[PDB]
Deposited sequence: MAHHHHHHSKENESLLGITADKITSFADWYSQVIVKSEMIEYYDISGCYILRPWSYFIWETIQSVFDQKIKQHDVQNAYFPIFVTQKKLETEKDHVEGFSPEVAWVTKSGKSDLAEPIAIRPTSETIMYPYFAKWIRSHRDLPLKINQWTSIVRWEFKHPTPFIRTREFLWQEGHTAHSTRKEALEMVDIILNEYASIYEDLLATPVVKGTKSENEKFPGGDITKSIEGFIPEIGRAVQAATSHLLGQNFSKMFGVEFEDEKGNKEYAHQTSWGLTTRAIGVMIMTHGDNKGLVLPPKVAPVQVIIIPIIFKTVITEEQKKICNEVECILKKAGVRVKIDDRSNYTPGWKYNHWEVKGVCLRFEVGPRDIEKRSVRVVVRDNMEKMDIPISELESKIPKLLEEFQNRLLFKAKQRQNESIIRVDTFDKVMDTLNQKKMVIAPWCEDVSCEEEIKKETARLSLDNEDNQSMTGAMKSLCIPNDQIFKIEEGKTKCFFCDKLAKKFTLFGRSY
């Protein structure tokens, strides 16, 4: 679905994308993020430079999500990047901890860990701040970078040794209020991917074998990349319960005067969202960005070459730019006489600009503009007097079309299998499995073991159970136990 629309002579250049998205996905992903000036590879493995074209999308994700959690009285703070070994020791993987072992030429007697997550940093101070039920709920969030020495092969955005993320940590007086906070954040995470990034995700609950061992319930949104047949956890929201409050002493005096441990939640979203969004919408021409996160929604390209644009040509472009600026549209004019219009067309197509305006003599004469849509090569002529109304509608239609097309690609990637004899062939088709499952830890341990023999794991137990179980008859697709619900399975990042 990547190489359907018309490619121009400049799209077939080396300044375009030469690797096919389906048959050469890894090379396609690298060319798309590099040639669009999103990412620069760094001489330290697993780290990638976030150029402004990609960092804008994170700033938009950060701006939109920060306003969302402020609706629930979540306050932003910043805790140090460092944490002692004693606090950190008591998905914690010791080989992932980046340790500062020297300052200058002086060795540290006790090395200091770089923050892989802030439970150890923050919770000793949650216990210090929380003495009464009146002090609850406490809701803290921080935007910061995280360093984890990932053992698996790094992927830009998806899995980086340094990534930018948001981590919210809340404490409540009741488990019910905490679980409501877990579901609230999960819906906002799903909104970030679907409403902002036009990326479909599946809301659900992690299995006992796949949940965060430090919490009671781990809910998540699962994404999927069909071109490689691997799911990707889009975000996560944990019902920590009292596991962390018991071990850090975060207790409060409830009403009537009894000491009770706090009911905590924690949730996180990283720059991985950008990578999942890129892989979802990008085609063989390069980036395809949702209008809500595209750094430039409209590029105005006057038909000029070598010489300077005429005075009436610059006046029309400024008028169109003024109309689009007043309408809240992010718009820029590319009046570089240095490049042919075809060069600019491919240049802003690789960068994923939603709409391009071609302004030539015929457009000046009619007081109209030639609009070319990025993702489907749709062409139309809009009068200048209609731009204020039509362009916000086109970007709105653009956003809906990306989510709708990405949705039907995800729905066709979910295959129902009721017996294990059809699971392996479904996985080999680069697709997920929705199967009747008993949800036992022992069952998933053998599911991972048997599928690794030809590994498949539970992605999430979806909140929306589209299929029904026979009360007392529907057995697990793998073992002899009765199936509880249907669970989404597949290989993941």
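Several segments of the deposited sequence are absent from the coordinates, namely 1, 92-96, 461-472.
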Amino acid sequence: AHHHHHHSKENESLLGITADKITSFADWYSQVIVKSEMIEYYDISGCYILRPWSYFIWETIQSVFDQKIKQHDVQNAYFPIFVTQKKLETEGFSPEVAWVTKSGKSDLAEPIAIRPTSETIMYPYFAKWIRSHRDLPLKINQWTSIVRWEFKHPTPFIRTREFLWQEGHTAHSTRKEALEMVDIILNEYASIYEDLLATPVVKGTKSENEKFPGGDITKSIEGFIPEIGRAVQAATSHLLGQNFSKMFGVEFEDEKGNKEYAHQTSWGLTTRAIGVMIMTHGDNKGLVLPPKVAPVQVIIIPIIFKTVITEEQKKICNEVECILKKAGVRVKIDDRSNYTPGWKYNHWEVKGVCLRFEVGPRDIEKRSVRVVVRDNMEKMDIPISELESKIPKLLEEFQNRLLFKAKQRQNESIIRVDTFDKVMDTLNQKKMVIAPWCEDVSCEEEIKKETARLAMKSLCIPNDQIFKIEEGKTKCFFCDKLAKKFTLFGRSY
From here on, numbers count along this sequence of modelled residues.
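Mean CA B-factor, 48-56 versus 442-450: the higher value falls on 442-450. Legend: mean Cα B-factor per stretch from the PDB entry, 303-311 versus 232-240; the higher mean is in 303-311.
Across 465, 31, 62, 458, the entry's maximum B-factor at the CA atom is seen for 465. For the set 269, 364, 81, 185, the PDB entry assigns the largest Cα B-factor to 364. When all modelled residues of the chain are sorted by CA temperature factor, residue 27 is found within the middle third. Among the modelled residues of the chain, residue 215 sits in the middle third by CA temperature factor in this PDB entry.
In this PDB entry, the Cα temperature factor of residue 69 sits in the bottom third of its chain's modelled residues, the lowest group. Per the PDB record, residue ranking by Cα B-factor puts residue 297 in the lowest third of the chain. Looking at the C-alpha B-factors along this chain, the one for residue 93 belongs to the highest third.
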